[PDB]
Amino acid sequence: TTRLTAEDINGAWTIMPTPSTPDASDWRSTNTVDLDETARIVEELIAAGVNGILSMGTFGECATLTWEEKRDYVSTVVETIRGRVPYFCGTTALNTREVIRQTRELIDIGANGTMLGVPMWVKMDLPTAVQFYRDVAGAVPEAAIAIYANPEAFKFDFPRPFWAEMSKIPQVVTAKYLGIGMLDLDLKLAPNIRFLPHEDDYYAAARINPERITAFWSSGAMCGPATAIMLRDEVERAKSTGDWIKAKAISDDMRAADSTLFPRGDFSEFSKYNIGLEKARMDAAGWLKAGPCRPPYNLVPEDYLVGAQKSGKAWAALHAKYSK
């Protein structure tokens, strides 16, 4: 049974992509994971001071990797991490039995937990979703669980009584969270979960509840982690001094760097191109090579890609600005 709890989740939790070889967009290609780049990214993230590593959500291409590719990737990540930081794989699948099979194998390789959405061919209702997480936690009690709360991908909306239920499952220690409109209530309903806001929302959420909101998730770190590290460090200081001016400046900079990412500012259009826009942004920032998208999600309108590439450049510029 897992000994991870919410108390162990603090600071900057960075979601890394699954690096692609140049042929990864071709359906004829198998073994499209660049394992040299995977290991290099892991070493640089740990050296930059990240607190934890997440992987294999939507832009991590959980949907489009082969099972053999997933095993190779996680083996390399675990081997390179060498237990220095906690690591969550991603085992979202179309049904409960395949999630359980994948979670057992990846935890055995050495992952500490799974970032887990819900099966989505058929939209789930509340008791079905609760039972799904209870089944997985009871079948694989050694795995910690991060709720992957993505309503666009998974159809289910992750409502208030769902969070109350998750808090009663010991394995559920954290969540890649929604917007923060109901964060105040969800914190009260779910005392045992470290809710991770998106990095851009971390400033506001940490001011709402500085006791509970001690960590955030970041994909911008894949463009250069110094900005997220600085946000973490400055928010820590602001909680003591009451001086949030510099934390506010970093956070406002991050929102500006993200302003061109969503096509026409539309979040539902971003969700349709989530994979290619995130990977294109990372490629443009030049801090790592994310590489091409595996099929079918390998076609993005060129003007949408320009917005993502400009975002990558803005984030790379922030990495330079906040390097220390």
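For every residue, the number given is its place in the sequence shown, counted from 1.
Visitor: Going by the B-factors listed in the PDB entry, is the mean over the C-alpha atoms higher for 238 to 246 or for 82 to 90?
Guide: Higher mean C-alpha B-factor in the PDB entry: 238 to 246.
Visitor: Hey, which bit's got the bigger mean C-alpha B factor in the entry, 258 to 266 or 50 to 58?
Guide: The stretch with the larger mean CA B-factor is 258 to 266.
Visitor: Identify, among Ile208, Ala221, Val173, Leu189, the residue whose C-alpha carries the highest B-factor in the deposited PDB entry.
Guide: Top of the list by C-alpha B-factor: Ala221.
Visitor: State the tercile, meaning the lowest, middle or highest third, of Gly11 with respect to the CA B-factors recorded for its chain.
Guide: Tercile = lowest for this residue's CA B-factor.
Visitor: So where's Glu142 on the chain's Cα temperature factor ranking, which third?
Guide: Ranked within chain, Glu142 CA B lands in the highest tercile.
Visitor: Consider only the C-alpha atoms of the modelled residues in this chain, order them by B-factor as the entry records it, and name the third containing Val42: lowest, middle or highest.
Guide: It falls in the bottom third of the chain.
Visitor: Based on the entry's values, in what third of the chain does the Cα temperature factor of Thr64 lie: lowest, middle or highest?
Guide: Answer is lowest: the recorded C-alpha B-factor places it there.
Visitor: Check where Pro151 lands among this chain's C-alpha B-factors and tell me if it's the lowest, middle or highest third.
Guide: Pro151: CA B-factor falls in the lowest third of its chain.
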